[PDB]
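Visitor: Got a structure for you, questions after.
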Amino acid sequence: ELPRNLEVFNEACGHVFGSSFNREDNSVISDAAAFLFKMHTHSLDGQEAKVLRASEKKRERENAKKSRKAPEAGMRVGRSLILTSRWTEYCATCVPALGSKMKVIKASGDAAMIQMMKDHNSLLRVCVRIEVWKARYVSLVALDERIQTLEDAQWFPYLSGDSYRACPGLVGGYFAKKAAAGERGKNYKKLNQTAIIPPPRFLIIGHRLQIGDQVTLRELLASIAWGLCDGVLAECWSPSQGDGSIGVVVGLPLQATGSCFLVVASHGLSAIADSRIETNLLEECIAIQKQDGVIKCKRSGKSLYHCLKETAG
Amino acid sequence: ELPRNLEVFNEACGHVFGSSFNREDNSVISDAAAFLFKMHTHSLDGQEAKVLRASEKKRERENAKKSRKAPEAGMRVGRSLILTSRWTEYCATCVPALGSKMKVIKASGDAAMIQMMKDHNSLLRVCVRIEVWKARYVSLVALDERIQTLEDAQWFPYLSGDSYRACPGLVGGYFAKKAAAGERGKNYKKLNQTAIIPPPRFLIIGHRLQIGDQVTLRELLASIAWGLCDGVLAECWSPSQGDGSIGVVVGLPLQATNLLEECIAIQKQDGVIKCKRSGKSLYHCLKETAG
Amino acid sequence: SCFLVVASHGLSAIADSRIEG
DNA sequence: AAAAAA
DNA sequence: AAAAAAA
């Protein structure tokens, strides 16, 4: 019915949050995923201290975290998430010990522990994807003070190192910058800043985002883009009968990833750093694939965040 | 009556892959060449360990590779290649011992050992040529993650160090960059990203690419250029009656407001003609013309 | 506020949406 | 084409 | 828009 990843995430969130975990609210799913990501990265109080090569100023914080009491049952998480009495057992049983590595577990040969580590990795990936989607969603109506120029905006979203390790191709930030600057191996993955990520309520169900889905404008935009993307992407949405709140998806952008506009010099020709520039920018178009067929829509020339702000005024 | 260069490759492919080796498929030939190259570079499981100056992680990787079980007969390599029972004998008798240098082979004077080393080197060259052609073919529709600017694109294809050591004039990548960023001399070879490599199905039989031979658009484009080359090169191909994804070569480029008026020289059946550039890379043109 | 428009889906980046012209 | 040889 | 590595 469901792949291993989504089944693992559903089991984990159910075990940790009882009946309080709503399966149809994006905010609740994002909060649950954030808490689970903290639990599986040993970022909660009372978990192992990260000291392997930590600096003394970091060992101070790690020792403070270890000494601090672990979360108690019934604690309020986010807005409408409540920890069950059996969350400690789940944390002790389903979270690999700090520093666990797949090679060591495989050398052990225990099938149960191998499966546990596989579930841990899949859960980390799912939680990081939900985190990236929520970062886009927040950026749709809340500018990041850090992003002031195009160079800053190039490395969105600014998520932690664990996020980058889980999903290097979707997570930007300091570690994506470091990977790009440093040596690039065969495993190097570039930051796909506008990759399509289904809403959390769709991601945990396994339903791929497609034409016809009954989604809100903000969540669709968070799926296909983020705040500083061009406003023309709003053409991928259409309000339903009677307006209300939830509309429908009429199309999806093309070239969401893998856009290169280089032309190397060859056979006596001259190199081109950008085919597009080689010149009004506002005349550019995006190929939106609809059910009927692909249509080229003229760019708005304005940010998605500012379009949403203007339409909400 | 093929050259020894191609005869060695054909014999090795036969011995190692039985009847599963189809000589009319570019993908199958590329898979076979990759397997033979990793066999002759001591990169398969169960082969000697590259532990002359390996670092801790590299030492561990090489020791694990040696300890791991070697490939066995019937193994599936790619999509349509199956190893035969004779591949162990071929690896034992034709692949030189790890670290073997031609100096010592010549000093010994054994004619058979000299012939084996020469065949090994020729096979490495052929395999690397096929690897470069397949890299071009892949890049025609999917660009390497390392290529973001022209400086990065200047070093395509990004192949391994052994590949560069075998074909310095065709292979790019990290070792080509290092050679450029170091000393230069007579032995130094310049990377030619658009050197004409015939398709493997033609290369292994010695057939030189020429006007009028049936090919596919991607085949010709990979043979004479790669993805980020200008799209005007697509004019070197013309579809046949009904197309069917198979056409014919009509020309081969030479030299293998005004910026977009630059022209390339195409040698046609009549003579050299000047064709205006398109301005878009072959990758972008193929993406836009796919539908 | 910020008036940037990052490059996406084949569009070119804009350093300022207002200055465009 | 022969030689060299992270 | 699979899996194996892994401040």
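Residues are referred to by chain and number: the chain letter is A, B, ... according to the order shown in the structure tokens, the number counts from 1 in that chain, and ligands are numbered separately from 1 in the order shown.
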Please identify all polymer residues within 10 Å of residue 7 in chain C, counting only C-alpha atoms (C1' of nucleotides), omitting same-chain residues fewer than 3 positions from it, and present them as a list in words.
Guide: residues 150, 153, 154, 193, 194, 228, 229 and 230 of chain A; 4, 10, 11, 12, 13 and 14 of chain C
Visitor: Print the selection's residues with N, CA and C atoms to a file, as an mmCIF file, in the first residue's frame.
Guide:
```
data_model
loop_
_atom_site.group_PDB
_atom_site.id
_atom_site.type_symbol
_atom_site.label_atom_id
_atom_site.label_comp_id
_atom_site.auth_asym_id
_atom_site.auth_seq_id
_atom_site.Cartn_x
_atom_site.Cartn_y
_atom_site.Cartn_z
ATOM 1 N N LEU A 150 21.075 38.429 -4.704
ATOM 2 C CA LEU A 150 20.891 37.198 -5.463
ATOM 3 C C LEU A 150 21.864 36.117 -5.017
ATOM 4 N N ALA A 153 20.292 34.580 -2.061
ATOM 5 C CA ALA A 153 19.128 33.802 -2.461
ATOM 6 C C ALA A 153 19.515 32.532 -3.202
ATOM 7 N N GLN A 154 20.748 32.448 -3.695
ATOM 8 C CA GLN A 154 21.175 31.273 -4.442
ATOM 9 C C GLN A 154 21.222 30.014 -3.586
ATOM 10 N N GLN A 193 16.856 24.171 -6.420
ATOM 11 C CA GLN A 193 16.160 25.087 -5.528
ATOM 12 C C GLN A 193 14.662 25.148 -5.788
ATOM 13 N N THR A 194 14.196 24.662 -6.938
ATOM 14 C CA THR A 194 12.777 24.689 -7.274
ATOM 15 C C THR A 194 12.273 23.302 -7.650
ATOM 16 N N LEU A 228 10.826 34.030 -3.372
ATOM 17 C CA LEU A 228 11.479 34.951 -4.293
ATOM 18 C C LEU A 228 11.414 34.499 -5.744
ATOM 19 N N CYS A 229 10.720 33.406 -6.042
ATOM 20 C CA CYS A 229 10.557 32.995 -7.425
ATOM 21 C C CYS A 229 9.606 33.941 -8.154
ATOM 22 N N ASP A 230 9.627 33.863 -9.482
ATOM 23 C CA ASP A 230 8.809 34.750 -10.298
ATOM 24 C C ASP A 230 7.328 34.502 -10.042
ATOM 25 N N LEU C 4 13.958 41.101 -4.989
ATOM 26 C CA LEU C 4 14.680 40.162 -5.829
ATOM 27 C C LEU C 4 13.713 39.210 -6.517
ATOM 28 N N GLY C 10 14.019 28.461 -16.236
ATOM 29 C CA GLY C 10 14.492 29.094 -17.446
ATOM 30 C C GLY C 10 14.422 30.605 -17.452
ATOM 31 N N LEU C 11 13.865 31.219 -16.413
ATOM 32 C CA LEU C 11 13.809 32.668 -16.331
ATOM 33 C C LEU C 11 15.129 33.224 -15.814
ATOM 34 N N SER C 12 15.414 34.464 -16.190
ATOM 35 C CA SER C 12 16.614 35.150 -15.737
ATOM 36 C C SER C 12 16.347 35.873 -14.423
ATOM 37 N N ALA C 13 17.397 36.010 -13.620
ATOM 38 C CA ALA C 13 17.270 36.677 -12.335
ATOM 39 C C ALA C 13 17.106 38.179 -12.523
ATOM 40 N N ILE C 14 16.492 38.817 -11.530
ATOM 41 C CA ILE C 14 16.280 40.259 -11.517
ATOM 42 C C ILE C 14 16.783 40.788 -10.185
#
```
Visitor: Considering only C-alpha atoms (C1' of nucleotides), extract the chain E residues located within 9 Å of chain A and return them as a list in words.
Guide: residues 1, 6 and 7 of chain E
Visitor: For the contact check between chain C and chain A, emit one row per residue of chain C within 6 Å, containing the shortest atom pair and the distance in Å rounded to one decimal, counting only C-alpha atoms, chain then rising number order, as JSON lines.
Guide:
```
{"residue": "C:5", "atom": "CA", "partner": "A:228", "partner_atom": "CA", "distance": 5.2}
{"residue": "C:6", "atom": "CA", "partner": "A:229", "partner_atom": "CA", "distance": 5.4}
{"residue": "C:9", "atom": "CA", "partner": "A:255", "partner_atom": "CA", "distance": 5.0}
{"residue": "C:17", "atom": "CA", "partner": "A:302", "partner_atom": "CA", "distance": 5.7}
```
Visitor: Take the residues just selected and output them with N, CA, C and O atoms as a JSON list (two decimals), in the first residue's frame.
Guide:
```
[["chain", "number", "residue", "atom", "x", "y", "z"],
["C", 5, "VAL", "N", 14.15, 38.67, -7.65],
["C", 5, "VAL", "CA", 13.43, 37.61, -8.34],
["C", 5, "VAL", "C", 14.45, 36.61, -8.85],
["C", 5, "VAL", "O", 15.10, 36.84, -9.87],
["C", 6, "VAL", "N", 14.62, 35.49, -8.14],
["C", 6, "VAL", "CA", 15.66, 34.54, -8.50],
["C", 6, "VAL", "C", 15.33, 33.89, -9.84],
["C", 6, "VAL", "O", 14.17, 33.81, -10.27],
["C", 9, "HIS", "N", 13.17, 28.00, -13.62],
["C", 9, "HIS", "CA", 12.38, 27.47, -14.74],
["C", 9, "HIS", "C", 12.74, 28.17, -16.05],
["C", 9, "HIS", "O", 11.87, 28.44, -16.88],
["C", 17, "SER", "N", 12.98, 44.32, -9.03],
["C", 17, "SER", "CA", 11.81, 44.27, -9.90],
["C", 17, "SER", "C", 11.37, 45.67, -10.30],
["C", 17, "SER", "O", 10.79, 45.86, -11.38]]
```
Visitor: Pull the closest atom pair for each residue of chain B that gets at most 9 Å from chain A, along with the distance in Å to one decimal, counting only C-alpha atoms, ordering rows by chain and then ascending residue number, as a tab-separated table.
Guide:
```
residue	atom	partner	partner_atom	distance
B:142	CA	A:258	CA	8.0
B:143	CA	A:258	CA	7.8
B:144	CA	A:186	CA	8.8
B:145	CA	A:190	CA	6.1
B:146	CA	A:184	CA	6.5
B:147	CA	A:260	CA	8.9
B:148	CA	A:260	CA	7.6
B:149	CA	A:262	CA	7.3
B:150	CA	A:273	CA	6.6
B:153	CA	A:264	CA	7.2
B:154	CA	A:264	CA	7.5
B:158	CA	A:186	CA	8.7
B:193	CA	A:266	CA	8.2
B:194	CA	A:266	CA	7.1
B:225	CA	A:266	CA	8.5
B:227	CA	A:263	CA	8.8
B:228	CA	A:263	CA	5.2
B:229	CA	A:264	CA	5.5
B:230	CA	A:263	CA	5.8
B:231	CA	A:263	CA	8.8
B:253	CA	A:267	CA	7.0
B:254	CA	A:267	CA	6.5
B:255	CA	A:267	CA	5.0
B:256	CA	A:267	CA	5.4
B:259	CA	A:270	CA	7.3
B:260	CA	A:278	CA	8.4
B:262	CA	A:269	CA	6.4
B:263	CA	A:269	CA	7.1
B:264	CA	A:267	CA	6.2
B:265	CA	A:267	CA	7.6
B:277	CA	A:269	CA	7.9
B:279	CA	A:275	CA	6.7
B:280	CA	A:275	CA	6.2
B:281	CA	A:263	CA	5.0
B:282	CA	A:263	CA	8.4
B:283	CA	A:260	CA	8.4
B:284	CA	A:261	CA	7.4
```
Visitor: Would you mind exporting N, CA, C and O atoms of the selected residues as a compact mmCIF listing (two decimals), in the first residue's frame?
Guide:
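Produced file again.txt, reproduced below:
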```txt
# COMPACT_ATOMS: atom_id res chain seq x y z
N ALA B 142 21.88 14.86 -20.64
CA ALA B 142 21.96 15.00 -19.19
C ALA B 142 23.35 15.50 -18.83
O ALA B 142 24.33 14.74 -18.93
N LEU B 143 23.45 16.75 -18.38
CA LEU B 143 24.74 17.36 -18.14
C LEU B 143 25.27 17.02 -16.75
O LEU B 143 24.51 16.86 -15.79
N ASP B 144 26.59 16.91 -16.66
CA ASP B 144 27.24 16.56 -15.40
C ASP B 144 26.97 17.62 -14.35
O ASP B 144 26.95 18.82 -14.64
N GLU B 145 26.77 17.18 -13.11
CA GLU B 145 26.53 18.12 -12.02
C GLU B 145 27.70 19.07 -11.81
O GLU B 145 27.50 20.16 -11.27
N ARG B 146 28.90 18.68 -12.22
CA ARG B 146 30.08 19.52 -12.05
C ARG B 146 30.14 20.66 -13.05
O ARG B 146 30.95 21.58 -12.86
N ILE B 147 29.32 20.64 -14.10
CA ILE B 147 29.35 21.65 -15.15
C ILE B 147 28.30 22.69 -14.81
O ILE B 147 27.11 22.49 -15.05
N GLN B 148 28.74 23.82 -14.25
CA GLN B 148 27.87 24.96 -13.98
C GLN B 148 28.27 26.21 -14.74
O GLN B 148 27.39 27.01 -15.07
N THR B 149 29.55 26.40 -15.03
CA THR B 149 30.05 27.55 -15.77
C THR B 149 30.92 27.05 -16.92
O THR B 149 31.16 25.85 -17.08
N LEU B 150 31.39 27.99 -17.75
CA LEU B 150 32.25 27.62 -18.86
C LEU B 150 33.58 27.05 -18.38
O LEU B 150 34.15 26.16 -19.01
N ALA B 153 32.87 23.55 -17.72
CA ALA B 153 32.59 22.84 -18.96
C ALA B 153 33.84 22.64 -19.81
O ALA B 153 33.83 21.81 -20.72
N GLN B 154 34.90 23.40 -19.54
CA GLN B 154 36.13 23.28 -20.32
C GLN B 154 36.83 21.94 -20.13
O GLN B 154 37.71 21.61 -20.92
N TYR B 158 34.60 14.34 -17.61
CA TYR B 158 35.20 14.14 -16.30
C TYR B 158 35.36 12.64 -16.07
O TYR B 158 34.48 11.99 -15.51
N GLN B 193 38.03 18.48 -27.18
CA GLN B 193 36.70 18.06 -26.78
C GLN B 193 35.84 17.63 -27.96
O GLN B 193 34.84 16.93 -27.76
N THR B 194 36.20 18.02 -29.18
CA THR B 194 35.40 17.73 -30.36
C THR B 194 36.13 16.85 -31.36
O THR B 194 35.79 16.83 -32.54
N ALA B 225 30.74 15.81 -31.35
CA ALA B 225 30.60 16.89 -30.38
C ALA B 225 29.94 16.32 -29.13
O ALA B 225 29.78 15.10 -28.99
N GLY B 227 27.10 17.68 -25.57
CA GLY B 227 25.84 18.35 -25.33
C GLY B 227 25.92 19.86 -25.39
O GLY B 227 25.04 20.52 -25.96
N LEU B 228 26.97 20.44 -24.81
CA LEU B 228 27.08 21.89 -24.72
C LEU B 228 27.68 22.52 -25.96
O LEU B 228 27.88 23.74 -25.98
N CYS B 229 27.99 21.74 -26.99
CA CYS B 229 28.41 22.32 -28.25
C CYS B 229 27.23 22.98 -28.95
O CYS B 229 26.07 22.66 -28.68
N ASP B 230 27.53 23.91 -29.85
CA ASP B 230 26.49 24.68 -30.51
C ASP B 230 25.57 23.77 -31.32
O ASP B 230 26.01 22.78 -31.91
N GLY B 231 24.29 24.13 -31.37
CA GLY B 231 23.29 23.29 -32.01
C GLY B 231 23.41 23.23 -33.52
O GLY B 231 22.81 22.35 -34.14
N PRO B 253 32.14 18.54 -39.57
CA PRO B 253 32.72 19.86 -39.35
C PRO B 253 34.24 19.82 -39.37
O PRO B 253 34.87 18.82 -39.00
N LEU B 254 34.83 20.92 -39.81
CA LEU B 254 36.28 21.08 -39.79
C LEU B 254 36.70 21.82 -38.53
O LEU B 254 35.87 22.29 -37.74
N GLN B 255 38.01 21.93 -38.34
CA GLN B 255 38.58 22.61 -37.17
C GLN B 255 38.21 21.90 -35.88
O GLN B 255 38.13 22.51 -34.81
N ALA B 256 37.98 20.59 -35.96
CA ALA B 256 37.60 19.80 -34.79
C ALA B 256 38.65 19.91 -33.70
O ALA B 256 39.43 18.99 -33.49
N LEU B 259 28.36 37.96 -33.03
CA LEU B 259 28.58 36.71 -32.31
C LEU B 259 27.65 35.62 -32.80
O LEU B 259 28.07 34.47 -32.99
N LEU B 260 26.37 35.94 -33.00
CA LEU B 260 25.41 34.97 -33.51
C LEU B 260 25.48 34.83 -35.03
O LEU B 260 24.77 33.99 -35.59
N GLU B 262 28.46 34.14 -36.39
CA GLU B 262 29.60 33.26 -36.60
C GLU B 262 29.14 31.99 -37.30
O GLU B 262 28.04 31.49 -37.05
N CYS B 263 30.00 31.46 -38.17
CA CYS B 263 29.68 30.29 -38.96
C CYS B 263 30.69 29.18 -38.68
O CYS B 263 31.81 29.42 -38.25
N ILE B 264 30.25 27.95 -38.93
CA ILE B 264 31.12 26.78 -38.88
C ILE B 264 31.33 26.27 -40.30
O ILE B 264 30.51 26.50 -41.19
N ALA B 265 32.44 25.57 -40.49
CA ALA B 265 32.78 25.00 -41.79
C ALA B 265 32.40 23.53 -41.79
O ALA B 265 32.85 22.76 -40.93
N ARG B 277 25.80 29.74 -37.13
CA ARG B 277 25.59 29.08 -35.85
C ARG B 277 24.15 29.29 -35.37
O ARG B 277 23.46 30.22 -35.78
N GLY B 279 23.35 29.33 -31.89
CA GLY B 279 23.38 30.11 -30.67
C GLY B 279 22.96 29.37 -29.42
O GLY B 279 23.18 29.87 -28.32
N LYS B 280 22.36 28.19 -29.57
CA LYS B 280 21.92 27.37 -28.45
C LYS B 280 22.68 26.05 -28.46
O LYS B 280 22.98 25.51 -29.53
N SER B 281 22.99 25.53 -27.28
CA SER B 281 23.71 24.28 -27.17
C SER B 281 22.85 23.12 -27.66
O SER B 281 21.62 23.19 -27.69
N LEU B 282 23.52 22.04 -28.06
CA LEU B 282 22.81 20.86 -28.55
C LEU B 282 21.91 20.27 -27.48
O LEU B 282 20.85 19.72 -27.80
N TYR B 283 22.31 20.35 -26.21
CA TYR B 283 21.47 19.87 -25.12
C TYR B 283 20.14 20.63 -25.08
O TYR B 283 19.06 20.02 -25.06
N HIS B 284 20.21 21.96 -25.08
CA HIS B 284 19.01 22.78 -25.06
C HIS B 284 18.16 22.55 -26.31
O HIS B 284 16.93 22.48 -26.23
```
Visitor: Against chain D, which residues of chain B fall within 9 Å? For each one I want the closest pair of atoms and the distance in Å (one decimal), counting only C-alpha atoms (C1' of nucleotides), rows by chain and increasing residue number, as CSV.
Guide:
```
residue,atom,partner,partner_atom,distance
B:165,CA,D:5,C1',7.6
B:174,CA,D:6,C1',8.9
B:187,CA,D:4,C1',7.5
```
Visitor: Would you write out those residues with C-alpha atoms, as an mmCIF file, in the first residue's frame?
Guide:
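And here is the file that came out, again-v6.cif:
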```cif
data_model
loop_
_atom_site.group_PDB
_atom_site.id
_atom_site.type_symbol
_atom_site.label_atom_id
_atom_site.label_comp_id
_atom_site.auth_asym_id
_atom_site.auth_seq_id
_atom_site.Cartn_x
_atom_site.Cartn_y
_atom_site.Cartn_z
ATOM 1 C CA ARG B 165 46.654 8.288 -18.559
ATOM 2 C CA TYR B 174 40.645 16.584 -12.764
ATOM 3 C CA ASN B 187 54.849 14.818 -24.073
#
```
Visitor: So which bits of range 219-280 of chain B end up helix (DSSP H, G or I) when you DSSP the backbone, as an mmCIF file with N, CA, C and O atoms, in the first residue's frame?
Guide:
```
data_model
loop_
_atom_site.group_PDB
_atom_site.id
_atom_site.type_symbol
_atom_site.label_atom_id
_atom_site.label_comp_id
_atom_site.auth_asym_id
_atom_site.auth_seq_id
_atom_site.Cartn_x
_atom_site.Cartn_y
_atom_site.Cartn_z
ATOM 1 N N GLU B 219 23.794 9.570 -32.139
ATOM 2 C CA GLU B 219 25.055 8.904 -32.450
ATOM 3 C C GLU B 219 26.041 9.866 -33.099
ATOM 4 O O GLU B 219 27.184 10.002 -32.648
ATOM 5 N N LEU B 220 25.614 10.549 -34.162
ATOM 6 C CA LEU B 220 26.507 11.475 -34.849
ATOM 7 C C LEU B 220 26.914 12.629 -33.942
ATOM 8 O O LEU B 220 28.086 13.028 -33.914
ATOM 9 N N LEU B 221 25.959 13.181 -33.192
ATOM 10 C CA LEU B 221 26.272 14.314 -32.331
ATOM 11 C C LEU B 221 27.289 13.928 -31.268
ATOM 12 O O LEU B 221 28.188 14.713 -30.947
ATOM 13 N N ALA B 222 27.161 12.727 -30.701
ATOM 14 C CA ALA B 222 28.150 12.257 -29.741
ATOM 15 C C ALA B 222 29.477 11.950 -30.414
ATOM 16 O O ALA B 222 30.530 12.058 -29.779
ATOM 17 N N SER B 223 29.449 11.561 -31.687
ATOM 18 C CA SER B 223 30.689 11.228 -32.374
ATOM 19 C C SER B 223 31.498 12.468 -32.728
ATOM 20 O O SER B 223 32.731 12.407 -32.756
ATOM 21 N N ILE B 224 30.838 13.593 -33.008
ATOM 22 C CA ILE B 224 31.537 14.800 -33.447
ATOM 23 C C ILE B 224 31.496 15.929 -32.429
ATOM 24 O O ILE B 224 32.175 16.944 -32.640
ATOM 25 N N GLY B 231 24.286 24.126 -31.366
ATOM 26 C CA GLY B 231 23.290 23.291 -32.015
ATOM 27 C C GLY B 231 23.409 23.229 -33.523
ATOM 28 O O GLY B 231 22.808 22.345 -34.143
ATOM 29 N N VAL B 232 24.172 24.140 -34.127
ATOM 30 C CA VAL B 232 24.308 24.142 -35.581
ATOM 31 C C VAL B 232 24.871 22.818 -36.074
ATOM 32 O O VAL B 232 24.644 22.426 -37.224
ATOM 33 N N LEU B 233 25.613 22.109 -35.222
ATOM 34 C CA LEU B 233 26.180 20.829 -35.619
ATOM 35 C C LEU B 233 25.109 19.819 -36.001
ATOM 36 O O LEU B 233 25.403 18.865 -36.726
ATOM 37 N N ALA B 234 23.870 20.013 -35.543
ATOM 38 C CA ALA B 234 22.794 19.117 -35.942
ATOM 39 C C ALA B 234 22.571 19.136 -37.447
ATOM 40 O O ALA B 234 21.951 18.213 -37.983
ATOM 41 N N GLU B 235 23.061 20.167 -38.137
ATOM 42 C CA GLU B 235 22.976 20.226 -39.591
ATOM 43 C C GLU B 235 23.842 19.177 -40.272
ATOM 44 O O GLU B 235 23.726 19.001 -41.488
ATOM 45 N N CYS B 236 24.710 18.494 -39.528
ATOM 46 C CA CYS B 236 25.518 17.416 -40.081
ATOM 47 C C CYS B 236 24.743 16.112 -40.228
ATOM 48 O O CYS B 236 25.329 15.106 -40.639
#
```
Visitor: Just give me the gap between CA of residue 69 in chain A and CA of residue 19 in chain A in Å, one decimal is fine.
Guide: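 Between CA of residue 69 in chain A and CA of residue 19 in chain A the gap is 24.9 Å.
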Visitor: Residues at most 8 Å from residue 200 in chain B, counting only C-alpha atoms (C1' of nucleotides), excluding those fewer than 5 positions away in the same chain, as a PDB file with N, CA, C and O atoms, in the first residue's frame?
Guide:
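Result saved to around_17.pdb:
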```pdb
ATOM      1  N   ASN B  26      25.477   0.119 -29.488  1.00  0.00           N
ATOM      2  CA  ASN B  26      26.423   1.035 -28.864  1.00  0.00           C
ATOM      3  C   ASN B  26      26.434   0.879 -27.349  1.00  0.00           C
ATOM      4  O   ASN B  26      27.498   0.930 -26.725  1.00  0.00           O
ATOM      5  N   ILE B  29      28.291  -2.369 -26.384  1.00  0.00           N
ATOM      6  CA  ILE B  29      29.728  -2.219 -26.579  1.00  0.00           C
ATOM      7  C   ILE B  29      30.316  -1.312 -25.508  1.00  0.00           C
ATOM      8  O   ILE B  29      31.426  -1.548 -25.022  1.00  0.00           O
ATOM      9  N   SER B  30      29.592  -0.259 -25.128  1.00  0.00           N
ATOM     10  CA  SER B  30      30.071   0.618 -24.064  1.00  0.00           C
ATOM     11  C   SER B  30      30.162  -0.124 -22.737  1.00  0.00           C
ATOM     12  O   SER B  30      31.130   0.047 -21.987  1.00  0.00           O
ATOM     13  N   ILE B 130      36.141   4.525 -26.370  1.00  0.00           N
ATOM     14  CA  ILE B 130      34.722   4.188 -26.286  1.00  0.00           C
ATOM     15  C   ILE B 130      34.082   4.871 -25.082  1.00  0.00           C
ATOM     16  O   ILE B 130      32.930   5.318 -25.140  1.00  0.00           O
ATOM     17  N   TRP B 133      33.385   8.466 -26.000  1.00  0.00           N
ATOM     18  CA  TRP B 133      32.214   8.558 -26.866  1.00  0.00           C
ATOM     19  C   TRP B 133      30.927   8.401 -26.067  1.00  0.00           C
ATOM     20  O   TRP B 133      29.964   9.153 -26.267  1.00  0.00           O
TER      21      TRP B 133
END
```
Visitor: So that I can check the surroundings of residue 90 in chain A, please list as a ChimeraX atom specification every protein, DNA and RNA residue that reaches within 12 Å of it, counting only C-alpha atoms (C1' of nucleotides) and ignoring chain neighbours fewer than 5 positions away.
Guide: /A:11-18,36,39-40,83-85,95-96,116
Visitor: Within range 11-141 of chain A, find each residue whose DSSP state, derived from the backbone, is strand (DSSP E), and express the selection as an NGL selection string.
Guide: :A and (76-77 or 81-82)
Visitor: Go ahead and compute the interatomic distance for CA of residue 241 in chain A and CA of residue 136 in chain A, in Å to one decimal.
Guide: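 Result for CA of residue 241 in chain A versus CA of residue 136 in chain A: 27.1 Å, one decimal.
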Visitor: One number please: CA of residue 24 in chain A to CA of residue 201 in chain A, in Å, one decimal.
Guide: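 Interatomic distance, CA of residue 24 in chain A to CA of residue 201 in chain A: 5.4 Å.
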